[PDB]
$ cat protein-v6.txt   # compact mmCIF, C-alpha atoms and all ligand atoms
# COMPACT_ATOMS: atom_id res chain seq x y z
CA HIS A 1 0.00 0.00 0.00
CA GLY A 2 1.06 3.56 -0.72
CA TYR A 3 0.29 6.93 -2.28
CA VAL A 4 2.06 9.76 -4.09
CA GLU A 5 2.99 12.26 -1.39
CA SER A 6 4.45 14.80 -3.81
CA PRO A 7 3.01 16.00 -6.06
CA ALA A 8 -0.08 15.48 -3.90
CA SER A 9 -2.29 12.81 -5.46
CA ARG A 10 -6.08 13.09 -5.65
CA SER A 11 -6.54 10.58 -2.82
CA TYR A 12 -3.88 12.31 -0.72
CA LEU A 13 -5.65 15.67 -0.97
CA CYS A 14 -8.87 13.91 0.00
CA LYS A 15 -7.08 12.84 3.19
CA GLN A 16 -5.86 16.38 3.80
CA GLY A 17 -9.41 17.68 3.39
CA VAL A 18 -8.43 19.67 0.32
CA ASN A 19 -10.72 17.60 -1.87
CA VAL A 20 -14.27 16.87 -0.68
CA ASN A 21 -16.82 14.05 -1.00
CA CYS A 22 -14.20 11.35 -1.65
CA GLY A 23 -15.87 8.54 0.30
CA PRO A 24 -13.90 6.12 2.56
CA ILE A 25 -10.66 6.56 0.59
CA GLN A 26 -10.30 9.87 2.45
CA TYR A 27 -9.15 7.76 5.40
CA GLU A 28 -6.81 5.53 3.39
CA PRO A 29 -5.10 7.28 0.43
CA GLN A 30 -2.56 4.43 0.45
CA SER A 31 -5.20 1.87 -0.56
CA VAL A 32 -6.11 2.53 -4.22
CA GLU A 33 -5.42 -1.05 -5.30
CA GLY A 34 -6.74 -2.79 -8.40
CA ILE A 35 -5.75 -5.42 -10.96
CA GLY A 36 -2.29 -4.80 -12.40
CA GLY A 37 -0.76 -5.20 -15.84
CA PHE A 38 -1.83 -1.72 -16.90
CA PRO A 39 -2.62 -0.68 -19.58
CA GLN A 40 -3.06 -4.13 -21.13
CA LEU A 41 -4.96 -5.36 -18.07
CA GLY A 42 -6.17 -3.53 -14.97
CA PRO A 43 -9.32 -1.62 -13.95
CA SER A 44 -11.92 -1.03 -16.66
CA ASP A 45 -12.15 2.27 -18.53
CA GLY A 46 -13.84 4.94 -16.43
CA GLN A 47 -12.64 3.07 -13.36
CA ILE A 48 -8.92 3.82 -13.51
CA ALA A 49 -8.88 6.54 -10.85
CA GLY A 50 -10.48 4.24 -8.28
CA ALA A 51 -8.90 1.04 -9.64
CA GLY A 52 -12.20 -0.85 -9.58
CA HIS A 53 -12.90 0.18 -6.00
CA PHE A 54 -13.66 3.63 -4.53
CA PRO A 55 -15.92 4.87 -7.41
CA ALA A 56 -16.04 8.43 -6.00
CA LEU A 57 -12.57 9.11 -7.41
CA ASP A 58 -13.74 8.23 -10.93
CA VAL A 59 -15.95 11.33 -11.22
CA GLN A 60 -14.37 13.70 -13.73
CA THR A 61 -15.16 17.35 -14.47
CA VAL A 62 -13.12 20.55 -14.84
CA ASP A 63 -13.94 21.84 -11.35
CA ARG A 64 -14.45 18.59 -9.40
CA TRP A 65 -10.89 18.33 -8.06
CA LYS A 66 -8.28 20.72 -6.68
CA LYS A 67 -5.20 20.99 -8.89
CA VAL A 68 -1.51 20.78 -8.05
CA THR A 69 0.62 23.25 -9.98
CA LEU A 70 3.61 21.79 -11.81
CA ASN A 71 6.19 22.87 -14.35
CA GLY A 72 6.94 20.69 -17.35
CA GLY A 73 10.40 19.18 -17.46
CA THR A 74 12.23 17.64 -14.52
CA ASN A 75 10.04 16.92 -11.50
CA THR A 76 10.59 14.95 -8.30
CA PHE A 77 7.97 12.29 -7.57
CA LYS A 78 7.82 11.09 -3.98
CA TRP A 79 5.73 8.13 -2.88
CA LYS A 80 4.76 7.19 0.64
CA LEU A 81 4.40 3.48 1.21
CA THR A 82 2.49 2.32 4.28
CA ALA A 83 3.41 -1.22 3.31
CA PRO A 84 6.42 -1.97 1.07
CA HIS A 85 5.93 -4.76 -1.49
CA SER A 86 8.12 -6.60 -3.98
CA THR A 87 8.00 -4.21 -6.92
CA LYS A 88 7.78 -4.94 -10.63
CA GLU A 89 7.93 -1.36 -11.89
CA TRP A 90 6.94 2.26 -11.38
CA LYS A 91 5.14 4.06 -14.21
CA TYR A 92 3.92 7.60 -14.82
CA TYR A 93 1.37 8.44 -17.51
CA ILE A 94 -0.12 11.74 -18.63
CA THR A 95 -3.35 12.67 -20.43
CA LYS A 96 -3.21 13.42 -24.16
CA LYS A 97 -2.93 17.05 -25.31
CA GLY A 98 -6.59 17.41 -26.25
CA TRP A 99 -8.14 15.14 -23.64
CA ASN A 100 -11.70 15.58 -22.38
CA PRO A 101 -11.61 16.72 -18.73
CA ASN A 102 -15.41 16.52 -18.52
CA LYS A 103 -15.40 12.78 -19.20
CA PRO A 104 -14.36 9.76 -17.08
CA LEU A 105 -10.75 8.64 -17.54
CA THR A 106 -10.18 6.02 -20.23
CA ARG A 107 -7.02 4.43 -21.64
CA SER A 108 -7.75 6.27 -24.91
CA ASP A 109 -7.33 9.54 -23.01
CA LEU A 110 -3.78 8.64 -21.99
CA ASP A 111 -0.40 8.63 -23.69
CA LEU A 112 -0.05 4.90 -23.05
CA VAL A 113 3.70 5.26 -23.33
CA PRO A 114 4.64 6.50 -19.84
CA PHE A 115 6.89 9.58 -19.70
CA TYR A 116 8.78 7.80 -16.94
CA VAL A 117 9.18 4.11 -16.12
CA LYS A 118 11.49 2.37 -13.66
CA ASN A 119 11.87 -1.38 -13.16
CA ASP A 120 12.89 -2.68 -9.73
CA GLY A 121 13.19 -6.31 -10.79
CA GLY A 122 11.13 -7.58 -7.86
CA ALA A 123 13.11 -5.68 -5.23
CA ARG A 124 11.54 -4.50 -1.97
CA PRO A 125 11.70 -0.73 -1.37
CA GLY A 126 11.89 1.54 1.67
CA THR A 127 8.97 3.53 3.06
CA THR A 128 10.08 6.50 0.94
CA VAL A 129 10.51 6.12 -2.83
CA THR A 130 11.76 8.97 -5.02
CA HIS A 131 11.85 9.37 -8.81
CA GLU A 132 13.16 12.10 -11.07
CA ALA A 133 10.94 12.27 -14.13
CA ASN A 134 10.64 14.56 -17.12
CA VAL A 135 7.08 15.81 -17.50
CA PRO A 136 6.23 16.48 -21.17
CA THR A 137 6.69 20.12 -22.15
CA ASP A 138 4.12 20.12 -24.96
CA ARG A 139 1.00 20.23 -22.79
CA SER A 140 -0.70 22.94 -20.75
CA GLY A 141 -3.56 23.51 -18.33
CA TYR A 142 -5.63 20.86 -16.58
CA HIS A 143 -4.13 17.41 -17.08
CA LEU A 144 -3.99 14.13 -15.18
CA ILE A 145 -0.86 12.26 -14.23
CA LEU A 146 -1.47 8.61 -13.46
CA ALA A 147 1.15 7.09 -11.19
CA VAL A 148 1.12 3.30 -11.15
CA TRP A 149 2.89 0.96 -8.75
CA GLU A 150 3.09 -2.61 -10.05
CA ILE A 151 3.35 -5.28 -7.34
CA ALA A 152 5.41 -8.30 -8.42
CA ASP A 153 3.90 -11.10 -6.33
CA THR A 154 0.24 -10.13 -6.55
CA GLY A 155 -1.17 -9.50 -10.02
CA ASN A 156 -2.19 -6.12 -8.62
CA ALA A 157 -1.13 -2.49 -8.98
CA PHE A 158 -1.70 0.76 -7.10
CA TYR A 159 -3.18 3.63 -9.06
CA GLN A 160 -2.54 7.24 -8.08
CA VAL A 161 -4.24 9.92 -10.15
CA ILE A 162 -2.82 13.42 -9.75
CA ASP A 163 -4.82 16.49 -10.73
CA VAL A 164 -2.29 18.94 -12.13
CA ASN A 165 -2.28 22.52 -13.35
CA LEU A 166 0.49 22.24 -15.90
CA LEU A 167 2.81 25.04 -17.00
CA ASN A 168 4.79 24.82 -20.24
CA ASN A 169 5.96 28.14 -21.61
CU CU B 201 -0.07 -2.95 0.14
$ encode --input "protein-v6.txt" --output "structure tokens"
Amino acid sequence: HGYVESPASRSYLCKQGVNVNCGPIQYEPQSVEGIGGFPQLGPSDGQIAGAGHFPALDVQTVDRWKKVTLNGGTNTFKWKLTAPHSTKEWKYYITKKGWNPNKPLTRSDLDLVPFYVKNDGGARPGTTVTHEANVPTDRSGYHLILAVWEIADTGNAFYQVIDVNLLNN
């Protein structure tokens, strides 16, 4: 179990009371677990944000969620893991340039080639995991970053949607 501490994920901000009406997940941002093998397998379209559970996170409009402001280019991504697991890989996806923010998240709305991916070869991590990734510099405004944590032993993965206000000038 775990969540993206920085930049603050949607479930994390629910916990901090920044987002509202998030359901039970507000008390466990670390627990957005669903089937792994994304994007080939995993939670169904329109159910990515909640990973098949916690449907409240799957609601998608322009004003529904509070946005984290980020620059394109190099960014530090810090997870917090409440339980470390043998790790297949870490992946970070971003919405396409002309994606529909008033529509539930679907694989078709994502650049299915992650802008950052790290393989851990089954290794077990610490309670703090840090990644330096290059956020695409060709997008602007409201976008979603989908952070995925693939667990090696269980065919499961943890899905962390981040609502971002992107800046690329
Ligand atoms: Cu866990």
$ residues_around --input "protein-v6.txt" --residues "region 53-57 of chain A" --least-positions-apart "3" --cutoff "7 Å" --atoms "only C-alpha atoms" --output "VMD selection string"
chain A and resid 22 to 23 25 49 to 50
$ residues_near_ligand --input "protein-v6.txt" --ligand "ligand CU 201 (chain B)" --cutoff "9 Å" --atoms "all atoms listed in the file" --output "PyMOL selection string"
chain A and resi 1-2+30-31+33+81-85+151+158
$ residues_around --input "protein-v6.txt" --residues "residue 168 (chain A)" --least-positions-apart "5" --cutoff "10 Å" --atoms "only C-alpha atoms" --output "list in words"
residues 70, 71, 72, 73, 135, 136, 137, 138, 139, 140 and 141 of chain A
$ atom_distance --input "protein-v6.txt" --atom1 "CA of residue 111 (chain A)" --atom2 "CA of residue 74 (chain A)"
18.0 Å
$ closest_residue --input "protein-v6.txt" --among "A:26, A:169, A:6, A:47" --to "residue 59 (chain A)" --atoms "all atoms listed in the file"
A:47
$ residues_around --input "protein-v6.txt" --residues "residue 13 (chain A)" --least-positions-apart "2" --cutoff "12 Å" --atoms "all atoms listed in the file" --output "MDAnalysis selection string"
chainID A and resid 3:11 15:22 25:30 57 65:68 160:163
$ residues_near_point --input "protein-v6.txt" --point "(-17.9, 19.3, -19.0)" --cutoff "12 Å" --atoms "only C-alpha atoms" --output "compact mmCIF listing (two decimals) with C-alpha atoms, keeping the file's coordinate frame"
# COMPACT_ATOMS: atom_id res chain seq x y z
CA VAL A 59 -15.95 11.33 -11.22
CA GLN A 60 -14.37 13.70 -13.73
CA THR A 61 -15.16 17.35 -14.47
CA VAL A 62 -13.12 20.55 -14.84
CA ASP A 63 -13.94 21.84 -11.35
CA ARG A 64 -14.45 18.59 -9.40
CA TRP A 99 -8.14 15.14 -23.64
CA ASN A 100 -11.70 15.58 -22.38
CA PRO A 101 -11.61 16.72 -18.73
CA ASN A 102 -15.41 16.52 -18.52
CA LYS A 103 -15.40 12.78 -19.20
CA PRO A 104 -14.36 9.76 -17.08
$ atom_distance --input "protein-v6.txt" --atom1 "CA of residue 152 (chain A)" --atom2 "CA of residue 80 (chain A)"
18.0 Å
$ residues_around --input "protein-v6.txt" --residues "residue 159 (chain A)" --least-positions-apart "3" --cutoff "8 Å" --atoms "only C-alpha atoms" --output "MDAnalysis selection string"
chainID A and resid 32:34 48:51 146:149
$ closest_residue --input "protein-v6.txt" --among "A:106, A:40, A:134, A:156" --to "residue 92 (chain A)" --atoms "all atoms listed in the file"
A:134
$ atom_distance --input "protein-v6.txt" --atom1 "CA of residue 93 (chain A)" --atom2 "CA of residue 24 (chain A)"
25.3 Å
$ residues_near_point --input "protein-v6.txt" --point "(10.0, 5.4, -16.3)" --cutoff "10 Å" --atoms "all atoms listed in the file" --output "list in words"
residues 89, 90, 91, 92, 93, 113, 114, 115, 116, 117, 118, 119, 131, 132, 133 and 134 of chain A
$ closest_residue --input "protein-v6.txt" --among "A:130, A:86, A:107, A:165" --to "residue 38 (chain A)" --atoms "only C-alpha atoms"
A:107
$ build_atoms --input "protein-v6.txt" --residues "region 83-102 of chain A" --atoms "N, CA, C and O atoms" --output "compact mmCIF listing (two decimals), keeping the file's coordinate frame"
# COMPACT_ATOMS: atom_id res chain seq x y z
N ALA A 83 2.90 0.14 3.32
CA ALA A 83 3.41 -1.22 3.31
C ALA A 83 4.21 -1.45 2.04
O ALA A 83 3.66 -1.43 0.94
N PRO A 84 5.52 -1.67 2.18
CA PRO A 84 6.42 -1.97 1.07
C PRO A 84 6.18 -3.37 0.49
O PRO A 84 6.03 -4.32 1.25
N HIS A 85 6.16 -3.47 -0.83
CA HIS A 85 5.93 -4.76 -1.49
C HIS A 85 7.00 -5.01 -2.54
O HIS A 85 7.61 -4.06 -3.03
N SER A 86 7.24 -6.27 -2.86
CA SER A 86 8.12 -6.60 -3.98
C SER A 86 7.59 -5.87 -5.21
O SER A 86 6.41 -5.96 -5.53
N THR A 87 8.46 -5.13 -5.89
CA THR A 87 8.00 -4.21 -6.92
C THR A 87 8.45 -4.60 -8.32
O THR A 87 9.63 -4.77 -8.58
N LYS A 88 7.48 -4.74 -9.22
CA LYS A 88 7.78 -4.94 -10.63
C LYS A 88 8.35 -3.66 -11.23
O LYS A 88 9.51 -3.62 -11.63
N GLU A 89 7.52 -2.62 -11.28
CA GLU A 89 7.93 -1.36 -11.89
C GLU A 89 7.12 -0.17 -11.40
O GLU A 89 6.04 -0.33 -10.83
N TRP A 90 7.65 1.02 -11.63
CA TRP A 90 6.94 2.26 -11.38
C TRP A 90 6.70 2.96 -12.71
O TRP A 90 7.62 3.10 -13.52
N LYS A 91 5.46 3.40 -12.95
CA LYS A 91 5.14 4.06 -14.21
C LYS A 91 4.39 5.36 -13.99
O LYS A 91 3.62 5.49 -13.05
N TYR A 92 4.62 6.32 -14.88
CA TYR A 92 3.92 7.60 -14.82
C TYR A 92 3.37 7.97 -16.19
O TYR A 92 4.12 8.15 -17.14
N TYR A 93 2.05 8.10 -16.26
CA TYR A 93 1.37 8.44 -17.51
C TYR A 93 0.81 9.85 -17.43
O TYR A 93 0.64 10.40 -16.34
N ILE A 94 0.54 10.44 -18.59
CA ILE A 94 -0.12 11.74 -18.63
C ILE A 94 -1.22 11.73 -19.70
O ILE A 94 -1.12 11.01 -20.70
N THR A 95 -2.26 12.52 -19.47
CA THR A 95 -3.35 12.67 -20.43
C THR A 95 -2.85 13.25 -21.75
O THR A 95 -1.87 14.00 -21.79
N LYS A 96 -3.53 12.90 -22.84
CA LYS A 96 -3.21 13.42 -24.16
C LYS A 96 -3.44 14.93 -24.22
O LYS A 96 -4.14 15.48 -23.37
N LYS A 97 -2.85 15.59 -25.21
CA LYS A 97 -2.93 17.05 -25.31
C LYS A 97 -4.35 17.61 -25.37
O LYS A 97 -4.64 18.64 -24.75
N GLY A 98 -5.23 16.94 -26.10
CA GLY A 98 -6.59 17.41 -26.25
C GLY A 98 -7.62 16.54 -25.55
O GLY A 98 -8.71 16.31 -26.08
N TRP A 99 -7.28 16.07 -24.36
CA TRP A 99 -8.14 15.14 -23.64
C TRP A 99 -9.39 15.84 -23.12
O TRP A 99 -9.41 17.07 -23.00
N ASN A 100 -10.42 15.06 -22.81
CA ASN A 100 -11.70 15.58 -22.38
C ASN A 100 -11.82 15.53 -20.86
O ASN A 100 -12.10 14.47 -20.30
N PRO A 101 -11.62 16.68 -20.19
CA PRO A 101 -11.61 16.72 -18.73
C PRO A 101 -13.00 16.63 -18.12
O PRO A 101 -13.14 16.58 -16.90
N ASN A 102 -14.02 16.61 -18.97
CA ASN A 102 -15.41 16.52 -18.52
C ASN A 102 -15.96 15.12 -18.77
O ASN A 102 -17.17 14.92 -18.85
